[PDB]
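Residues take their numbers from the sequence shown, with the count starting at 1. These numbers come from the heavy atoms of this one structure, side chains and all, not from hydrogens, waters or symmetry mates.
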Amino acid sequence: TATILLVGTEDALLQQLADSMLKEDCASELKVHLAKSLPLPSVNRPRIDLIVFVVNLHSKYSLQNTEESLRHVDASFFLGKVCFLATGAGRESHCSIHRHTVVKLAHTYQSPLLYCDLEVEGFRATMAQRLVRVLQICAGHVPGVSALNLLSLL
């Protein structure tokens with residue numbers, strides 16, 4: 001079994017992403033937990049293989065909430081068990097300042113930075129299929145491949 005944690009302030013986009021990942025099942029049993037922010041309020045029950053921070057580049061709050069949440073993550077997670085997913089960056093309507101903040105944020109924590117417009121299902125479906133594969137690596141379900149090649153692979 002493999003478990004991914006989606007951290008984002010937009011409940012709708014997370015659930016749509018969670019659905020897309022759960023669609024078209026694979027070998028391992030996939031489990032998805034959602035969180036508005038970090039840390040979790042000490043429910044904190046097992047067991048997480050991967051944390052994906054979904055960042056809305058039209059929301060300054062989403063940016064700040066992501067910034068703050070990262071401070072409560074153990075540094076062991078940033079060795080491939082953490083991935084950044086930015087939404088809205090492909091739109092001209094987005095804030096370039098927020099985009100630059102996210103890029104440096106992914107660099108600071110040395111974690112992959114993915115782009116996808118979650119409102120677009122076709123894009124979200126392909127992104128979800130990739131995230132599933134990333135999760136399987138993080139869960140140690142891909143023989144010969146550890147969640148360490150991820151920074152290079154992504």
Side-chain angles (χ1 to χ4, degrees), residues 1-22 25-89 94-95 97-116 118 124 126-154:
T1 174
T3 300
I4 177 177
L5 177 64
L6 295 178
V7 184
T9 58
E10 44 278 345
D11 182 32
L13 293 184
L14 295 191
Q15 186 176 1
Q16 288 181 296
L17 179 57
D19 281 330
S20 297
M21 295 187 60
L22 291 179
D25 280 322
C26 313
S28 56
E29 182 178 18
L30 310 179
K31 294 186 176 181
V32 183
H33 304 303
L34 309 183
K36 285 292 184 180
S37 55
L38 292 183
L40 278 344
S42 80
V43 34
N44 235 40
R45 179 164 333 219
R47 161 220 178 83
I48 306 172
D49 288 314
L50 171 70
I51 303 183
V52 171
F53 295 92
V54 175
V55 187
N56 185 18
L57 295 199
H58 293 85
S59 177
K60 194 166 189 174
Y61 173 74
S62 171
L63 189 60
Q64 179 180 264
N65 186 79
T66 300
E67 288 182 337
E68 176 56 44
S69 296
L70 289 165
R71 298 180 66 259
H72 301 271
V73 182
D74 191 273
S76 288
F77 262 103
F78 295 112
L79 287 173
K81 311 186 74 58
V82 168
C83 186
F84 286 93
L85 179 60
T87 70
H94 87 274
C95 176
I97 310 179
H98 300 170
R99 179 174 57 93
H100 285 90
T101 302
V102 170
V103 172
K104 188 62 183 65
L105 207 53
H107 174 73
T108 298
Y109 295 89
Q110 266 201 347
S111 298
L113 173 56
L114 304 184
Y115 296 107
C116 181
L118 294 182
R124 190 180 65 247
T126 311
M127 175 59 56
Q129 287 295 339
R130 280 305 301 180
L131 287 183
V132 169
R133 188 170 299 178
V134 172
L135 178 54
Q136 298 182 298
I137 300 174
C138 290
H141 298 175
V142 183
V145 185
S146 295
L148 190 42
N149 298 271
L150 291 183
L151 194 79
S152 53
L153 290 186
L154 298 177

Inspect the surroundings of [atom1] in [X] and state if more than 12 heavy atoms from other residues, nucleotides or ligands are less than 6.0 Å away.
X   : atom1 : value
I97 : CD1   : no
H72 : NE2   : yes
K60 : NZ    : no
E68 : CD    : yes

Do you know which two heavy atoms are closest between [X] and [Y], and how far apart they sit?
X    : Y   : result
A2   : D49 : CA-OD2, 3.5 Å
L50  : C83 : CD1-N, 4.4 Å
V102 : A86 : CG1-CB, 4.4 Å
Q136 : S28 : NE2-OG, 3.5 Å
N56  : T87 : CA-OG1, 3.5 Å
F53  : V73 : CZ-CG2, 3.9 Å

Would you indicate whether the side-chain heavy atoms of [Y] and [X] approach each other to under 4.5 Å?
X    : Y    : value
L17  : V54  : yes
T1   : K31  : yes
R130 : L114 : no
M127 : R124 : no
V52  : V134 : no
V82  : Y109 : no
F84  : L70  : yes
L30  : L22  : yes

Rounded at 0.5 Å granularity, tell me how far [atom1] in [X] sits from [atom2] in [Y].
X    : Y    : atom1 : atom2 : result
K81  : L5   : NZ    : CG    : 12.0 Å
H98  : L57  : NE2   : CG    : 8.5 Å
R133 : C138 : CZ    : SG    : 13.5 Å
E10  : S62  : CD    : OG    : 5.0 Å
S37  : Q64  : OG    : CD    : 11.0 Å
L135 : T3   : CG    : OG1   : 7.0 Å

